[PDB]
Structure formats: C-alpha cells, structure tokens
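The next block holds one structure in the form of structure tokens; read it before the comments.
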Amino acid sequence: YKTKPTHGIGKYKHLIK
Amino acid sequence: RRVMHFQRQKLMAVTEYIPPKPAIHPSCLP
Amino acid sequence: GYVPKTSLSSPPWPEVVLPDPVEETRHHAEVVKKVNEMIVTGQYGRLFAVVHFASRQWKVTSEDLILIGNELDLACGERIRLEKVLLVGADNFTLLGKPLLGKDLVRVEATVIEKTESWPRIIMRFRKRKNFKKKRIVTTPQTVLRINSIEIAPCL
Amino acid sequence: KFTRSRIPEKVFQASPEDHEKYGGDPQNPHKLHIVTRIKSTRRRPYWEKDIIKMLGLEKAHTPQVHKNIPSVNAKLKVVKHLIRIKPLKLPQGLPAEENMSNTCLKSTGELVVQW
Amino acid sequence: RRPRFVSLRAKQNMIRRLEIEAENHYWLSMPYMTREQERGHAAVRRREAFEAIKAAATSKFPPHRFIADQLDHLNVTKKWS
Amino acid sequence: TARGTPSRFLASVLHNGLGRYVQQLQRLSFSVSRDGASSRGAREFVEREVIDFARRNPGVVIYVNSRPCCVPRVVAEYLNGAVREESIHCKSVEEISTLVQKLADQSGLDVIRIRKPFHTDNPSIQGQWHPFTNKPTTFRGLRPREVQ
Amino acid sequence: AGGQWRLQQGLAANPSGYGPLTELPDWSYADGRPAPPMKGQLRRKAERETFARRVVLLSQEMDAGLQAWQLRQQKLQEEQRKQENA
Amino acid sequence: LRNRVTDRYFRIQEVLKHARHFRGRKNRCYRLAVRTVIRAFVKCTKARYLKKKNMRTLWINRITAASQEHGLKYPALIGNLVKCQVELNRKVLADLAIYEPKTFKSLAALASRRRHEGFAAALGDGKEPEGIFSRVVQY
RNA sequence: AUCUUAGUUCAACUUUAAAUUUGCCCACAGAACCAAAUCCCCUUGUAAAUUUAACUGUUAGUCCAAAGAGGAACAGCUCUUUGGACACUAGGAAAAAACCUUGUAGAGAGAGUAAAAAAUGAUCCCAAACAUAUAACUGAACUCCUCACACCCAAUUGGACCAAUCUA
Ligand SMILES: [Mg+2]
Ligand SMILES: [Mg+2]
Ligand SMILES: [Mg+2]
Ligand SMILES: [Zn+2]
Numbered sequence: 048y049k050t051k052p053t054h055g056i057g058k059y060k061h062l063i064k
Numbered sequence: 037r038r039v040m041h042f043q044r045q046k047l048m049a050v051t052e053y054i055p056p057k058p059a060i061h062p063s064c065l066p
Numbered sequence: 049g050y051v052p053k054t055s056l057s058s059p060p061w062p063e064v065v066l067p068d069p070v071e072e073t074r075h076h077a078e079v080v081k082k083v084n085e086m087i088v089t090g091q092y093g094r095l096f097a098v099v100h101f102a103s104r105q106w107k108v109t110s111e112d113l114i115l116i117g118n119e120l121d122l123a124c125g126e127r128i129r130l131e132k133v134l135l136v137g138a139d140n141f142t143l144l145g146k147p148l149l150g151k152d153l154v155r156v157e158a159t160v161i162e163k164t165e166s167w168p169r170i171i172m173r174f175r176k177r178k179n180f181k182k183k184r185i186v187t188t189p190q191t192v193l194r195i196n197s198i199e200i201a202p203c204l
Numbered sequence: 035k036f037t038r039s040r041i042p043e044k045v046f047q048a049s050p051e052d053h054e055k056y057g058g059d060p061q062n063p064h065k066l067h068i069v070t071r072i073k074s075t076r077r078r079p080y081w082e083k084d085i086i087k088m089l090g091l092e093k094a095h096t097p098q099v100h101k102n103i104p105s106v107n108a109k110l111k112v113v114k115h116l117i118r119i120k121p122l123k124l125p126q127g128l129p130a131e132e133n134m135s136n137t138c139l140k141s142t143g144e145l146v147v148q149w
Numbered sequence: 022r023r024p025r026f027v028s029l030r031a032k033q034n035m036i037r038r039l040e041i042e043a044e045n046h047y048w049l050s051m052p053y054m055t056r057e058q059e060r061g062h063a064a065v066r067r068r069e070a071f072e073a074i075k076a077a078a079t080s081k082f083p084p085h086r087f088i089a090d091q092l093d094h095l096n097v098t099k100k101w102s
Numbered sequence: 002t003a004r005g006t007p008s009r010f011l012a013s014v015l016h017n018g019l020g021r022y023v024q025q026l027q028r029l030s031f032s033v034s035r036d037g038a039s040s041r042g043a044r045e046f047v048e049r050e051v052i053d054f055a056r057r058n059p060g061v062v063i064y065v066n067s068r069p070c071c072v073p074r075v076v077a078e079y080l081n082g083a084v085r086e087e088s089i090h091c092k093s094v095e096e097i098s099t100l101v102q103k104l105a106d107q108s109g110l111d112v113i114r115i116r117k118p119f120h121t122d123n124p125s126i127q128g129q130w131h132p133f134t135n136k137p138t139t140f141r142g143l144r145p146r147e148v149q
Numbered sequence: 023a024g025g026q027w028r029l030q031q032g033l034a035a036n037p038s039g040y041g042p043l044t045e046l047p048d049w050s051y052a053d054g055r056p057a058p059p060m061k062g063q064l065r066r067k068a069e070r071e072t073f074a075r076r077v078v079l080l081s082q083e084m085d086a087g088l089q090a091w092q093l094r095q096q097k098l099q100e101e102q103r104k105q106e107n108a
Numbered sequence: 010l011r012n013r014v015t016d017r018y019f020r021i022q023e024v025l026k027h028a029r030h031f032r033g034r035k036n037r038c039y040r041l042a043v044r045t046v047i048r049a050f051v052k053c054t055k056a057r058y059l060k061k062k063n064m065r066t067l068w069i070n071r072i073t074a075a076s077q078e079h080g081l082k083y084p085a086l087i088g089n090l091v092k093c094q095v096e097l098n099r100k101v102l103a104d105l106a107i108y109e110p111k112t113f114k115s116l117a118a119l120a121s122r123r124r125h126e127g128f129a130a131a132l133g134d135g136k137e138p139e140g141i142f143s144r145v146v147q148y
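Chains as they are written, first to last, in the deposited numbering: chain f, 48 to 64; chain I, 37 to 66; chain S, 49 to 204; chain Z, 35 to 149; chain o, 22 to 102; chain b, 2 to 149; chain j, 23 to 108; chain R, 10 to 148.
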C-alpha cells in the first residue's frame, strides 16, 4: 500500500539500466 | 483578487501578525 | 511620576478614594443600629417586599393581589408564607438581601382566594403554499394569591 | 474535496508551559470528563452529528460524564470544536449508597454532597 | 459590497472559541488508561445492555382480552328506576 | 383574540381574603335525566359523588332535579350575581367531578383577558415619581437665566 | 448580566441555575409545616441522582479494569516461571 | 340528494364571529374573512415572543432613564448590582424606579459604591483587602 | 433501460406490521508494480441493524466551500465528485430560500447566552450624529427557571377523533 512502511518494496524497474 | 468566504476573512483577521513593541521609542532614546 | 498638567495626563474622571475601612465599619454599625431602633419602636408605615415566587419577582404590599399561572395545590383560603424575600422597604429604610433575607427578619403572608382557568388562548400555525394550517386552543390554569401582611422583626 | 480530518498527534502533547496554565498534572491523570455542547450539530458534516448523538450530547449545554479512555477520546477529537471538556473533580470522594440523592455539581466541575 | 469588514466583536468571539478549544486540546493529551489496558473492561455491561434490547424486541405480542371489558359496554344503557 | 375580545382588570368580589375568605359559589343546580344515555355520568356523580361534595362545601346549596328528560346541565350561581352554565352531557364521572370542583373554586367574574397580573391599591410607599423628584432647587427659586 | 463574573466566582452563570433562589422551598404553610416540594426540585434531584450514579458506575468500571489488567499481567508474567523449572 | 350539509350556517359563524370587528367586506364575506382571520390568529400566536421582548426593552429604557437621573449609566447599574449579589430583575427595578424613588436612589448609590470599589481594587497592586461591599457570600 | 428524457418499469430512499441478533463509530494489522483521504475490523460510546410480509410516493433540483474536466486561469458558463444548507423552526448580515447562529414545538408582564457595528455618469445626496468618563451591557422559539406536554416539512404512509343524513 502507499500509507504503510512496506510501500515501495516491489520496485524493480530501477534495477534495470 | 477575488473575495473570500466570510469565515476565512475572520480567520485571516484574527491570525494577523502583531509585532513586538520595542522597549523604548528610538526617537527619544538610542 | 510627575507629568505637567495637560488634557490627557490624568483621565477625565475624579480620583475617588474610599474611606478607611476601620472607621467605615463603625459607621455602618451605627447606621444599622439606627435602623434597628427604628424597627423596634414601630417607626415605619406600610411596607413593600420583592417576593420571589413561581418564577417571578413580584413587588407587593399588604392587601394586594397577585396572579400565578400555575396551580398551587392549596385549598381555597389556606394561608401560606412566602419565603424568598429579596428586598423589603418602608418609607425611610429598606433592607436588601444577598440575595435573600433571613427567615426571621421578614414574614410575608398570603392567601388563596380564587383558582380558575385563564381565558382561552389560540395557537395557530400557517405556512404559505404548503397546505400547512393547524389550530389549537389552550387554557392554562391559574390562581390568585392575596397578600395579607408584611411583618418585620428587629433582628439586625 | 471535503473530507474527515485526521488531527496529527503532535497537537495533543501538553507542554511544560501548558501544565501550569490549567489545573492539571501529567502523572495521576483524571478519571472522568464532564463534557458540554456549546455549538450546533447543524451546518456540520454527518460524521459529527452521529458522534454527538452517540455521546449523549444531543441537548445543549446540559453536562454529561464520560470515561477518560482513548476509545472515547478518539470520538472527542472529532467533535472537539463543538464541546467544552472539563475534568471532573472529587474533593470528597465518590458518594456512598447514601448521599446519591443529595449530590451537586458546581460550575468549577467539582461533585460534592449536600450542596 | 461582496467583501466585508470584519469587526472587533467578531474577532473577540472567535478568540473566545479558540481558547475554549485549546483547553479541550489540553484535556485530551492525558488518558487514564492506554489502548491495551482498557480492552474488555466494559464487555459485561455492553453484553447485558444488548441483551436487554433483545429481550425488549422479542416480547412484542397482542395484549390480553378480558370478559369484564366486553361486558362493561352494556353499561351504556344503565338506568335509574 | 385580544383585540377582538373584552377585557377586565384583576379583582376580587368584596376584598375576599382581606378580612376572611368567603366562598363565592352559593348555588349549584344539577339536572339529570333518569333515562337518557347522555345523563349517565351525571347519574354516577349524583349517586356516589354529590353527597361528599355537599359535605365539603356547606356554603353551597346544591339542588338536583330529574326533569330535563333528555339533556343534563349544571348551573352555578355566585354571590356577585353571575350565573355560569356548563354542559355535562356525554361526560364521565371524573370529568364532572373535576368540573364541579372548578366551579366551586373560582369567583364568578368573567373569564376574560386579565390586563395586569398584579393589582395593588397602594402602589407607592415613598411617593409616586414626578419630574421634580431627584431634581435640585436653587437659591430663592430662580429660573435659569434670571436676574433678581 | 454578569455570567462571566458569576463563573469567575464559582457561582452558576444563570441565577436561575443552582442557588438559594431556585431550590429553597418557595412557600410553607401559615402554621409552619413545610409544603409538598415543587416539581422542578423533584426533577432536578432525580437528574442529579442519575448523574451521581453514572459517575460512580463509570469510575468503578475503570478501576476494575485496571485491577483486571494487573491480574492478567501477573498470570502471564509469572506463569512463564512454571516453564522455567524441571 | 341523499346527504346535504344541514348546518353550514354554524360553521360559517364560527369564523365570522372572529371578524365582526374587522373593516371592509372582509367582515361579512367568508372567502375574505377566513384569510384575514387566519392571519390574525397567526400574528396572535407569534406575538407573544414580541410581547416579552418589548416589555423587556421598555424596562431597560425606564431603568436607563432612572439611573441617568442619578448620574449612573445602565451598564453600571446592572453590571454592578450583580457584583453585590442582588438578584433583582428588571421588571421590579422599573417598578421601583417609578413607584419608590428613594429605594431606587439607594440601589443606585449601592451600584456606584461597588463600581468605585472595583476601580480602587483594580488600580492597586495585588490582593489588598477587598472592598466592604465586594465580599461575596457563598451558598 | 425504454420511437425514451413533459412518461413508465426496476432499483435506491420513505412508511407500516412482524421475526431475529448484532448494526454504526473505531485504534493496531492489512490493500502495486506503474496530496486530501478511502476500505476493513478487536475494543469503546451507543441502540440500532438485518430479515420477512404489504403497499404507495420521489427520481435526473438550486446555492455555498473544495478537487477536477469544458469555455481563459473569464464570461456568474456545461459536466463529475466529497460536504453543507434550502424546499421545515427561529435570531442576525439593510431588504435576504442557499452566508453566520439555532432545532422537538404549550403558558410567563422571569434569567444567562449564541451570531452580530468598519478601517485609511444618466429621476433626487441618502439614516441623523459623534474624535477620549474606565467595558461592560444589548441580543433568539438555544439553555435555566414556575407549570403543562401527542400539539411547527412537500409528495407519500400510520394512527386517534368527528360534523350532518337514513336504518335497527
Ligand atoms: Mg432575551
Ligand atoms: Mg472492525
Ligand atoms: Mg427547546
Ligand atoms: Zn522624540
């Protein structure tokens, strides 16, 4: 969710040049 | 420069800045 | 501190300084004794009192009538005493409670002479264009208290 | 849009300057709140009409007592601008099964016995 | 015309209300219990109250009927003689 | 409505409570039909309530007769001459008792708007106000801007 | 109209609130025996009584809740010692 | 014709009797009498609120007149009689002003006394002994 | 949805009767990779909610605060959304549906308050006045007081009474 500390855990686009 | 709702007007008036009075008037004392 | 006389140095009201309380208490006691000795000797005439009753403050005196808008569950002609006297006055003196006068100092007697129902009153509501029209007739009850005596006693 | 307001907790933090300004104390807080309504439910959103209807504050001033526990404070933090909260004071203790019918609440918020 | 000229009396009224609500802020920053301590202390009363509501709701039924009430209606022809 | 109605001032018959209270109602006539259906509450009142009322009010002469033959009525007469009729047809014994007590508990004046709720014959003790109370006097009684 | 002053002196804002004016008996009989109390006084006694009963009830419930929490803390903090033996 | 209202006369007179004192055709013609009678009764109901408001404003005026006769405005009199814990209302204050001038003179003197006590107290530094009349009496 | 937007049917909302037991508020936990808040529930304040039987009625409203899309970021402009008010009482801003204050209703010749005062182009200007006597007072159908209580919404729905006529 966005209002929880776990937000932004699934990000992977930034892990690709 | 549109008009404000009246209650917003009162809020703007009550919260208006009030400056701290100087201890002495500079004219009659440095 | 010193400031030369102008139109605003002093305010436009007089400097009223009250008398020293030590002498003022003696003066108050003296005048209280004077009024008391007026009461003891019968040095007064007709009396009037500010009696508090159903919810109202009536200014009354002997032989007068009062009309209370609430039934008082008293037979016809039963003497009663009206506590809660706020002020009782004669020609030369008058006594002021804070806010009531003691049960001993003043005695107000009244009598129930008539119990009846007031004249019919109308309650009509109307609003335009909404077919809102209603009419009611109310007769609040009431009772007439005659006041028979205001007596005073020299307890000051 | 217009939405419910979530008040940040930072405001509900008495300071060392507030404590000596009202008759309170951080340690040993007060059991009961005496609350009165001093503003109309009308002209306010329904999520305040319902809260007021729930706290028994329907009538005007007419004081009413509530626990000082967070389950109720969460409700009073929504209607804090339509009510006055004062702390009930018991300088003679809870009444006994005698003196229940001879109590009195003074304007300062103290419950006392036999006037 | 459309704008107004907020008076001094209005400012004083608003400051009165602001002060009342600041006191309210103060009397809510110190609860007697905490979230966990309170939990359950009112369960018994709540359960009994709702059971009272239930027993009230589940008691509806027509009222009794008595022979005396029916036979009293013959009084509408009671005569002297 | 007030404008559309008479009015009077608050008063009593003969300064009633001053010396001794006197009960104004002096006569009460009941007409009760022995057969009519509307005369049922009246018959109950006469059978089990009129004796007690007579005992409680010995200054009121209560007559009861049985010759309206269809409709009852109570006619109350007072000391000050006023008469007052009330219908008791199709009423309960509770209503008739309440009504008869009401009749016996009021002076025979008119039930109209009392203009004042307080009537006093000596309204002033210190002297009623006139424009010269609380007003000073000057030497030799001179008007302003005089000479002599 | 001094409601501000009256509340600044621990009095009711409204002289018709609580005071000698509103709750003392407005009248007695001529002989001296008191009068059957007024309806307003009865209703105010009833409402103040209900207020007091609610006060005592809520305070009792809160204290009992604190005691129950104490008991649970005891029986969960100490019964773990029963697993610290053998 | 099976059923015809046989007593419309009395239903008319129930409304005309309240209009005999009106002016115009609207005191004998039902279609107009009804509307004006209804307006009359609505005003009759709604006017009690104004009766209370008006008598109170008359009393405030009379009390202002009497109090100005003694060099004392009306704010002072009421706002400093209560500070002496005298719960005299305004009806009886007006009656005293008209019918008992010297009693009202005394009340005005008391008000001025308390006003002076207040000014003297506030002018001072601290909680010097309270005024002889400024001492409250507790319940 | 409708040869449909001057209407109808279904739903949503409303009403009555009946059955049952949970309904609302709600912290902590929880809802994605590509700002306001929202959803969900233990407790807690409450007393309501769901279900069944049976009907009618309303339906594409105006203004104000706010966030957007269209016309400038304007045209007092069309539309969507969250809230309030109106079509219900009462007091204020001059008159004033839409701003501010206030609701559950009667009598009182009682009381306390709420909001509420300006600063520095075309018939005929438009309250009158006032620079300095202590800040309080005034002000409702809100609240208290003595008494009494079913006795201030449209469409609709439930209920208690009843005028006059005929018949037994
Ligand atoms: Mg008023
Ligand atoms: Mg939940
Ligand atoms: Mg009310
Ligand atoms: Zn200089």
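Just so it is clear, CB atoms sit at the ideal spot from N, CA and C, and this is done for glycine as well.
Proximity below 8 Å, CB of residue i to CB of residue j
i              : j              : result
residue 60(Z)  : residue 53(Z)  : yes
residue 138(S) : residue 90(S)  : no
residue 67(b)  : residue 33(b)  : yes
residue 106(Z) : residue 91(Z)  : no
residue 174(S) : residue 21(R)  : no
residue 134(S) : residue 105(S) : yes
residue 25(o)  : residue 45(I)  : yes
residue 161(S) : residue 136(S) : no
Own chain residues within Cβ distance below 6 Å of residue i, not counting five before or after
i              : result
residue 83(Z)  : 75
residue 112(S) : 195
residue 29(j)  : 35
residue 59(f)  : none
residue 93(b)  : 42
Bridge-paired residues (DSSP) for residue i
i              : result
residue 49(j)  : 130(S)
residue 8(b)   : 114(b)
residue 138(Z) : 146(Z)
residue 67(Z)  : 100(Z), 121(Z)
residue 106(S) : 99(S)
DSSP three-state assignment for residue i, whether helix, strand or coil
i              : result
residue 73(f)  : Given a span of 48 to 64 for chain f in the structure shown, any question on residue 73(f) remains unanswerable.
residue 198(S) : strand
residue 189(S) : strand
residue 73(S)  : helix
residue 87(b)  : strand
residue 216(S) : Residue numbering for chain S in the displayed model covers 49 to 204; residue 216(S) lies beyond these limits and cannot be assessed.
residue 56(j)  : strand
residue 30(S)  : Here chain S comprises residues numbered 49 to 204, so residue 30(S) is not present and cannot be evaluated.
residue 22(o)  : coil
residue 64(f)  : coil
Sequence-distant residues of the same chain with beta carbon closer than 7 Å to residue i, five excluded per side
i              : result
residue 124(R) : 85, 89
residue 43(R)  : 24
Close Cβ partners of residue i (< 8 Å) along its chain, the five nearest in sequence each way excluded
i            : result
residue 8(b) : 113, 114, 115, 116
Query - Contact residues within the segment 82-102 of chain j, judged by C-beta distance below 9 Å to chain o - result: Listed in chain order, the positions of the segment 82-102 of chain j with a beta carbon within less than 9 Å of a beta carbon of chain o are 83, 84, 86, 87, 88, 90, 91.
Query - Residues within the segment 87-111 of chain Z neighbouring chain j, beta-carbon criterion of under 9 Å - result: Listed in sequence order: 97, 98, 99, 100, 101, 102, 103.
Requested in this report: Compile a chain-ordered list of the residues in the segment 119-136 of chain S whose CB is closer than 9 Å to at least one CB of chain j.
Outcome: Within the segment 119-136 of chain S, the residues whose Cβ lies closer than 9 Å to some Cβ of chain j are 120, 121, 122, 126, 127, 128, 129, 130, 131, 132, 134, listed in chain order.
Report task. Report the residues of the segment 25-57 of chain b with a CB closer than 7 Å to any CB of chain o, ordered along the chain. Result -> Of all residues in the segment 25-57 of chain b, only 35, 36, 38, 41, 44 come within less than 7 Å of chain o when Cβ atoms are compared, listed by chain position.
Report task. Taking a Cβ distance cut-off of 7 Å, strictly less, list which residues of the segment 145-168 of chain S are near chain j, in chain order. Result -> Listed in sequence order: 147, 148, 157.
Query raised in the report: Taking any Cβ of chain b, which residues in the segment 175-190 of chain S have a Cβ under 7 Å from it, in chain order?
Result: If the cut-off is 7 Å between Cβ atoms, the segment 175-190 of chain S has nothing near chain b.
Query - Interface positions of the segment 106-124 of chain b facing chain S (Cβ-Cβ less than 7 Å), listed along the chain - result: Answer set for the segment 106-124 of chain b: 106, 107, 108, 112, 113, 114, 115, 118, 119, 120, 121, 122, 123.
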